[PDB]
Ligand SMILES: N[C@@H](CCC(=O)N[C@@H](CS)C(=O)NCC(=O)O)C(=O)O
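Shown below, as structure tokens, is a lone chain in the form deposited without glutathione; questions about how it binds or moves come after it.
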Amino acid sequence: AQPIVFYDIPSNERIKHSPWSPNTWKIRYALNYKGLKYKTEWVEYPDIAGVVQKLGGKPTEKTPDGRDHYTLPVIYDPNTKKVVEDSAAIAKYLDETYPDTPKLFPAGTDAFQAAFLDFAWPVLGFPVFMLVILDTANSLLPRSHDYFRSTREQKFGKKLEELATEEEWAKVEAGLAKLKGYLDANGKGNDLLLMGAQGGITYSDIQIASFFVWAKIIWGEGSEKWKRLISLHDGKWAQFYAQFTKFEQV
């Protein structure tokens, strides 16, 4: 098979040009986990719409305001000659197109995973976002920085400098506490993967991991903030996140 072309958002020297996006990381994980050959193309935030349009790709939402909205990740698969967008749809596409690779959506789990993914941002992703949003902006190349800051300050209604608070830390921990509770339902020895110790990694597991790798890269693995996050709940998340270490090829 030829390498898949994977479209990602670049960064500056603050984080040594590392990929960072929680949304593109879901697909970077998916590709690394499946052992699929790919190459990364870097697209600045304000250039994403033009790039995806030229590819013949589609917007991932149309707002009541009438306007189309383009997002990364997107892939071009030379093996099928197809452009695929929207992370959950790409992951499903990779399952179907490369069936000999580990399945991210095991049969019978698609609806349960959709529900789980629909609450991943509200309960965990958003509070994390608040704690990393300023540092994220300061990790972008200047053009992406201006676009990102402009658009996100409008979205959240405050300067980026105001969004990280002790309250958000409490909300992060509270979200992880809910997650911990769901996992507890699996029983001891099965509470570090959504489908249990023998169930393998699902797309939903990747969704959680992607919030962690985002924070680690943005804050820095030696940082006090990363240590604080990963130490929550007696080291549970350190153990959870450890399962993804071998799938972070860049």
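Don't overthink the numbering: it's just position in the shown sequence, from 1.
The following text describes the form solved in complex with glutathione, which does not appear among the structures shown.
Classify as open or blocked. Procedure: superimpose site C-alphas, place glutathione with its pose in the deposited complex, test each ligand atom against backbone and C-beta atoms at 2.4 Å; 3 or more hits mean blocked.
Output flag = open.
Give a yes or no for residue 60: in the deposited complex, does one of its heavy atoms lie within 4.5 Å of a heavy atom belonging to glutathione?
Yes.
Please determine whether residue 55 contacts glutathione in the deposited complex, using a 4.5 Å cut-off between heavy atoms.
Residue 55: no, not in contact with glutathione in the deposited complex.
Contact between residue 38 and glutathione in the deposited complex at 4.5 Å, heavy atoms?
So residue 38 does not count as contacting glutathione.
Might residue 23 be said to contact glutathione in the deposited complex, defining contact as any heavy atom within 4.5 Å?
Contact with glutathione, yes.
With the partner removed from view, which of 183-191, 62-70, 216-224, 30-38 is the stretch that lies within 4.5 Å of glutathione in the deposited complex, judged by heavy atom distances?
Result of the contact check: 62-70.
What I'd like checked is whether 114, 116 and 178 together line glutathione in the deposited complex, meaning each has a non-hydrogen atom within 4.5 Å of it.
None of them does, since no heavy atom lies within 4.5 Å of the partner.
Counting any non-hydrogen atom inside 4.5 Å, which residue from 77, 95, 86, 153 sits next to glutathione in the deposited complex?
Partner contact (heavy atom, 4.5 Å) among the options: 86.
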